[PDB]
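Here the structure comes first, spelled out in structure tokens, and everything after it is commentary.
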Amino acid sequence: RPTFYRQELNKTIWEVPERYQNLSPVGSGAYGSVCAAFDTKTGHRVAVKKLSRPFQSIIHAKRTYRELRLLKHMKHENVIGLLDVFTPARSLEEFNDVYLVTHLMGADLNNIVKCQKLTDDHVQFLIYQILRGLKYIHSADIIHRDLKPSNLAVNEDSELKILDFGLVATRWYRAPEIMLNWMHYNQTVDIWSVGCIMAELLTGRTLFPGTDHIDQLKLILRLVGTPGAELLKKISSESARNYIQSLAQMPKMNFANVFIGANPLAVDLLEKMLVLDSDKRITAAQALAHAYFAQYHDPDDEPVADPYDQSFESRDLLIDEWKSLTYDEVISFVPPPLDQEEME
Ligand SMILES: Nc1nccc(-c2c(-c3ccc(F)cc3)ncn2C2CCNCC2)n1
Ligand SMILES: N=C(N)NC[C@]12C[C@H]3C[C@H](C[C@H](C3)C1)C2
Ligand SMILES: [Ca+2]
Ligand SMILES: [Ca+2]
Ligand SMILES: [Ca+2]
Ligand SMILES: [Ca+2]
Ligand SMILES: [Cl-]
Numbered sequence: 005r006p007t008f009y010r011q012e013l014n015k016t017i018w019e020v021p022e023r024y025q026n027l028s029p030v031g032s033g034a035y036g037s038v039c040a041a042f043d044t045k046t047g048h049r050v051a052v053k054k055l056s057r058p059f060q061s062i063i064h065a066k067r068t069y070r071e072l073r074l075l076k077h078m079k080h081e082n083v084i085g086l087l088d089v090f091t092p093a094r095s096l097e098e099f100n101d102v103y104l105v106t107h108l109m110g111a112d113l114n115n116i117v118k119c120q121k122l123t124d125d126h127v128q129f130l131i132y133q134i135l136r137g138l139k140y141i142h143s144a145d146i147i148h149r150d151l152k153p154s155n156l157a158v159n160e161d162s163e164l165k166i167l168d169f170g171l183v184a185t186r187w188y189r190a191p192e193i194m195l196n197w198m199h200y201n202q203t204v205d206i207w208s209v210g211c212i213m214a215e216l217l218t219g220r221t222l223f224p225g226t227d228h229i230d231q232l233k234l235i236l237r238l239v240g241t242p243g244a245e246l247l248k249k250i251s252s253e254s255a256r257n258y259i260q261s262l263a264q265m266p267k268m269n270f271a272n273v274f275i276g277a278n279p280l281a282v283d284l285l286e287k288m289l290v291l292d293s294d295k296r297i298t299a300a301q302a303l304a305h306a307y308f309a310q311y312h313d314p315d316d317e318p319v320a321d322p323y324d325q326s327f328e329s330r331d332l333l334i335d336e337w338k339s340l341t342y343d344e345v346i347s348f349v350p351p352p353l354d355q356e357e358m359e
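Those letters in the sequence shown? Residues 5 to 171, 183 to 359, per the entry's author numbering, in order.
Written out as structure tokens, the structure reads:
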């Protein structure tokens, strides 16, 4: 049995195994807070997330289970996964805290594009990695739905992982079907976000920096043009349909005149991502085959996910049932090998 120690971090007590040393706060995460740490077992740097009040209500309890199940399933180099999961609890009766461990990623995408004019080759690599991770999570019928630079973790060598998938926020990267609440959408909501992110990496400017939902919609329509009646099919609110229908008709812009000086292959990819019709939007797997990524693309190294059983999502269980199921998942966790890759 590991010896734990207590340390106050972010004005609360963390209780962690001696294995993890030199904890230092590196910001909030989804439903928790995160500390960097040194794993004395492997000499690796890790990030430890302590969930906040994981069993306070059935909402917290189910999202705790959801997140632990999801992270236990994710095994991809561009997707956050688990090195460890622990609790100071000695039994289910004591079980009230959950800590999740992953490799340390020092930055997010906003740290990369802020004070640096990125080269096109570097933008290619960053977007390629997002799409590789999206192909994987999408293959398991998991969608991010709120992909944005602050949800892309990046290390010192621009290696990137998607986080907080499948779970006041900026809406500047959200797919229009999400932001304004369409009755049905698909996995390519995330591809819209990639388009917005890529545009910003190329120009240094946020593509659609709207001040409210209506201002953001008008910015979007100025670029991609007014939608046809067909897309009104997806909007339930009559007042919203009436408003959009009421707008003066706008032509789609030629993206080549918007992204002056960009790689023409980048402009072509943006044209395929930033389309209002989500059934016309390029998929992650299709985008990986686009010539923009030719120097990185490798079909042998763009894997899909094992099937993921989400049948628990339709079920209402009691707090103590979610808590016991979560405890089961903590105890059954099998840490991965330190080295899980081989030369191609
Ligand atoms: N520094 C770093 N490195 C890796 C991940 C995170 C992380 C996690 C997280 C998720 C699961 C897990 F098991 C452990 C940590 N959640 C939010 N963040 C963010 C903390 C600051 N914003 C960017 C990343 N932070
Ligand atoms: N001000 C910005 N950074 N973006 C707003 C934009 C700029 C141009 C491309 C699209 C459409 C239209 C012209 C309005 C987005
Ligand atoms: Ca390769
Ligand atoms: Ca190896
Ligand atoms: Ca490596
Ligand atoms: Ca090969
Ligand atoms: Cl599974």
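Virtual Cβ for every residue (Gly too), placed ideally from N, Cα, C.
Ligand 2 heavy atom lying under 7 angstroms from the CB of residue i
i	result
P224	yes
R220	yes
residue 3	Not covered by the structure: residue 3. The range shown for the chain is 5 to 359.
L238	yes
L135	no
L232	no
Helix, strand or coil at residue i according to DSSP, with G and I counted as helix
i	result
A144	coil
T106	strand
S154	helix
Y69	helix
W18	strand
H48	strand
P279	helix
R149	coil
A40	strand
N26	strand
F169	coil
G31	strand
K233	helix
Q310	coil
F348	coil
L285	helix
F327	helix
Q202	coil
Residue i Cβ short of 7 angstroms to ligand 4 heavy atom set
i	result
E357	yes
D315	no
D354	yes
Short Cβ contact (8 angstroms threshold) for residue i with residue j
i	j	result
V52	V20	yes
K152	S208	yes
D145	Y323	yes
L113	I206	no
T106	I84	yes
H228	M194	yes
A299	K121	no
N159	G110	yes
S347	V204	no
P350	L87	yes
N26	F42	yes
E359	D331	no
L217	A281	yes
8 angstroms Cβ shell around residue i - same chain, five flanking residues per side excluded
i	result
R256	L247 and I250
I334	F59, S61, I62 and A65
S162	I116, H126, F129 and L130
Nonlocal neighbours in the same chain, by C-beta distance under 6 angstroms from residue i, ignoring five residues either side
i	result
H77	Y323
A34	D168 and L171
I131	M213
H142	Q202 and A299
Contact test: residue i Cβ vs ligand 3 heavy atom, cutoff 7 angstroms
i	result
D168	no
Closer than 7 angstroms: residue i CB and nearest ligand 1 heavy atom
i	result
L75	yes
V20	no
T68	no
Where residue i falls, given that 16 or more other Cβ within 10 Å makes a residue buried
i	result
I275	exposed
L285	buried
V319	exposed
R296	buried
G137	buried
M288	buried
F90	buried
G47	exposed
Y258	exposed
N100	exposed
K54	buried
Same chain, Cβ closer than 7 angstroms to residue i, five either side skipped, listed in chain order
i	result
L291	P191, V239, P242 and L246
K45	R23
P266	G240
beta-carbon residue i near ligand 7 non-hydrogen atom, thresh 7 angstroms
i	result
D324	yes
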